Every structure is written in structure tokens, then in C-alpha cells.
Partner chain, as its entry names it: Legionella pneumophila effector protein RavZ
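Listed next as C-alpha cells is one chain, alone, in the form solved without the partner chain.
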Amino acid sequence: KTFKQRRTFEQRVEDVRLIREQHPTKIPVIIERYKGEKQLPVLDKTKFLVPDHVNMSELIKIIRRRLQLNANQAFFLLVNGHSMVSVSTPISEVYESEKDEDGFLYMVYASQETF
């Protein structure tokens, strides 16, 4: 069901190595619905190539547009298992500190602050 279930560590690593080669300016991001989530829909895909100059505030807006949310639906984004300290951090900086050993940046969204 989850990304890390579906692919061997060898396969995730090799995919990041291909993203680096073919989309060198993009951050490879895995975005996943909280497995206890009631309200929010699932995304059309799992793997995202985010332009590396956008800040976290702009990534939240991209995903709220991808889910087609209205303006008083709630949305919370965990990075690398934990809350974001700030939405002003550029995703290039967040990638460098929060990336997984496989080389993806892992994110989870839910309708409640409680996951």
C-alpha cells in the first residue's frame, strides 16, 4: 500500500538517480495520505518533481490545488514524519536536512493536526 512497501530500497535509490539525471533541478517528493484519514481524497499519483526554488508555503498551495480543496477544508503536511517548523524554508534546504537515505523527501497529509 505505502511507497516503501511497493519498491525495494535498491529500486527507490535507482529512481532518484534517474530523476537527478533527467530532472536535475527538481526535488523528488513522495506525498501520501495519512492511512487513518477520513475527509481528504487520495492524490492521482505518489511521486512529485517539485521545482527546487519553491518554499514549503507554495508546496502546500500546489497540493491543496491538486486535491481541489476549498478554502475552509483543513490540510496538514508532515515532512520526514514530523511537523514543519516554517513554511518560508526553500524546498532545496528542506530536502538537504529531511531527505531519506533512499534520496526521496517523504510527506504525509491529513485533515487533523493529530495523525
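Between two forms, the rigid core is defined as the largest C-alpha subset superposing within 1.5 Å. Positions refer to the first chain, counted from 1.
Here the rigid core sets the fit, and in 9 other deposited structures of this protein the C-alphas of 21-29 stray farther than those of the other stretch, out of 95-103 and 21-29. Looking at 74-82 and 53-61, the one farther from the shown form in 9 other deposited structures of this protein by average CA distance, after a rigid core fit, turns out to be 74-82.
Remark: stretch with higher mean C-alpha B factor among 57-65 and 28-36 is 28-36. Higher mean CA temperature factor between 104-112 and 1-9: 1-9, per the PDB entry. In the PDB entry, residue 51 places in the lowest third of its chain by CA B-factor. The deposited CA B-factor of residue 80 belongs to the lowest third of values across its chain. When all modelled residues of the chain are sorted by CA temperature factor, residue 16 is found within the middle third.
From this point on, the text means the form deposited with the partner chain bound, which you will not see here.
Residues 57, 61 of 46-61 are found to place at least one heavy atom within 4.5 Å of the partner chain in the entry with it bound.
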